[PDB]
């Protein structure tokens, strides 16, 4: 009854393997492991200010390439983004080098296009994205609706990952940001136009296929989860952010903010917490390569524990460890990085969501967490 669409996923693990085999680093890492755990070091290398992990390197990219905008248009590949509120489409008027690569939306070829022209300009540290609002018939799966999206005329802002990747535009799955426009998120707008039952969407990430995920819009398909579904109300009005008592074994954090984000390939930890976490854990950071390594046989590998008033959630090693056994006997990288926010926060990315079926409820302003069903 509810619309469920399938999408492809590109993660850090994918991008890293590319880098390793592109430059034949099959034995730089292998030797770097056998050394930085020898005890010679007297302290394992977890990174430096010089050699660190950037969140952009662990950017989880979900491809949905069968959506439409307008009548006579090229197809557009969008990426899901729970941190954005709007739909962003590269205009045919965009003259940047990144746009020349992508499929561009020509409003003059669309029979159902209504001009808005409300300018949207953002100033990112990575550059500048510029454009204006446009209304047209947008189609996702078996759902269509007149929607105000953004025609981008300048893609320099996020171009680093833009020309690198293969997607054309962005599909917002976050909360309305009035600094950009008064337009509602496409999932909300579908509810506004009574095309879906409720203004919510769910993420089912198949634990055994990290290249695949499923987005369901409008309702909660019971089959996706087992056990009790727990709701955690949001502590923010712009993010899918909740408060959980977060601890790993003996080290503990209280009332920490936690963001659920499919667009992150990892569990991000506060840097200071991550350090006390990984002391003498036979886990090292490969120098000048953006990932931590350990032999997957590791006995002392910790389990994340997130506690709230209504539920408790655990992330065992099984979920943040991805086998790089192809690069050498025993090894596996960790989908865990260090990231500092003004307030101590965790990003509950892909690994958390591989274990837990996640519900994003606009109407109830909360995140619903349930143990995903592994069997179909």
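Numbering follows the first chain given and starts at 1.
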{"item": "Mean C-alpha temperature factor, higher of 41 to 49 and 55 to 63", "value": "41 to 49"}
{"item": "Selected stretch [higher average CA B-factor]: 362 to 370 or 17 to 25", "value": "17 to 25"}
{"item": "Most elevated Cα B-factor in the entry, residues 69, 33, 348, 315", "value": "33"}
{"item": "From 217, 258, 251, 186, residue of greatest CA B-factor", "value": "251"}
{"item": "Third of the chain, ranked by Cα B-factor, where residue 127 sits", "value": "highest"}
{"item": "Ranked against its chain, the third holding the CA B-factor of residue 210", "value": "middle"}
{"item": "For residue 376, the third of its chain into which the C-alpha B factor falls", "value": "highest"}
{"item": "B-factor third for the C-alpha atom of residue 84 within its chain", "value": "middle"}
{"item": "Chain-relative CA temperature factor third for residue 288", "value": "highest"}
